[PDB]
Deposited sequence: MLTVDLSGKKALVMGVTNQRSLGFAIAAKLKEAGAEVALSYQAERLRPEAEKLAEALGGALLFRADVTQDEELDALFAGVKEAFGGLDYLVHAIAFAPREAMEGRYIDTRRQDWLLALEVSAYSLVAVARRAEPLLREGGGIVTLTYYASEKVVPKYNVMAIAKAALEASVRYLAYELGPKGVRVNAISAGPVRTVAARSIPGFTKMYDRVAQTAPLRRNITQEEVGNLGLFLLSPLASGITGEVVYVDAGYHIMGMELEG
């Protein structure tokens, strides 16, 4: 039997709200593999739930960070530096678009909403990669989360599709720029885990004839960060039961 041993590795998972978050799933697997994981929550409303997740992970370090606030991000990676010394893995599981933009048509998207959506969902990767760069060790890695709508039109995904398009292009450039220093950057294109019409259609259309699970996304995230994927960087890997290959 092969073992994935991440003892002594340090992990920061940003973007956690519930136990059903894809970010948590990756964290669960990372802790299971022996890593020290820290979580970061958006605002004070979610601290209680964040503490419950830390408990489920058998204990975890917590930070509050809003990705729109450069000051808060500065504080986060200062707290990480003090608490971990270095960093191995960074999970980027953050996305947002104003509700007003996620309804109706993409063409009707309002200026301030469009930018907010691109700021949180795409720029935040650049923001956190810059701050993690001097902390990241050899074999280190950043992984983000995206969706098929970046390449093909999925109605009602609107500006988020565009954000993901910007996210994935970011992944490639960051992979190119952090590669020399032994850091890998990849994206997980998850299937669904406005929504239910997409969820019940993947099940029917996808080759596996079902939806993917939260654990299946976790497993991919674990692998990509693990030394088992040491030759893999700049990739967008799909865990979607084969949906995206269907015409």
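Counting the deposited sequence from 1, the stretches lacking C-alpha coordinates are 194 to 202, 257 to 261.
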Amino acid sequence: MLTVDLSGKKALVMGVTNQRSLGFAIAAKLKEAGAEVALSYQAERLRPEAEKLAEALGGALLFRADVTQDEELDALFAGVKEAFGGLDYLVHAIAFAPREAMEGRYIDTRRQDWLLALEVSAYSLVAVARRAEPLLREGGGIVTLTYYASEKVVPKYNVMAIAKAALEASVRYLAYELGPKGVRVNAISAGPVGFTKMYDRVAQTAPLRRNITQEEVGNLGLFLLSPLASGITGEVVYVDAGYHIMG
From here on, numbers count along this sequence of modelled residues.
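So that the term is clear: the rigid core is the largest set of C-alpha atoms that superpose within 1.5 Å between two forms.
With every structure aligned by its rigid core, 39 to 47 is the stretch of 39 to 47 and 64 to 72 whose CA positions lie farther away in 4 other deposited structures of this protein. At least a third of the other compared entries skip residue 194 while keeping the residues on either side.
92 to 100 and 161 to 169 differ in mean CA B-factor, and the higher of the two is recorded for 92 to 100. For the pair 119 to 127 and 69 to 77, the mean Cα B-factor is higher in 69 to 77. Per the PDB record, 202 has a higher Cα B-factor than any other of 202, 183, 187, 26. Looking at the C-alpha B-factors along this chain, the one for residue 217 belongs to the lowest third. Residue-level temperature factors show residue 239 in the lowest third of its chain, judged at the C-alpha atom. The PDB entry assigns residue 59 a C-alpha temperature factor belonging to the highest third of its chain's modelled residues. When the modelled residues of the chain are ordered by their C-alpha B factor, residue 191 lands in the lowest third. In the PDB entry, a CA B factor belonging to the lowest third of its chain's modelled residues is recorded for residue 141.
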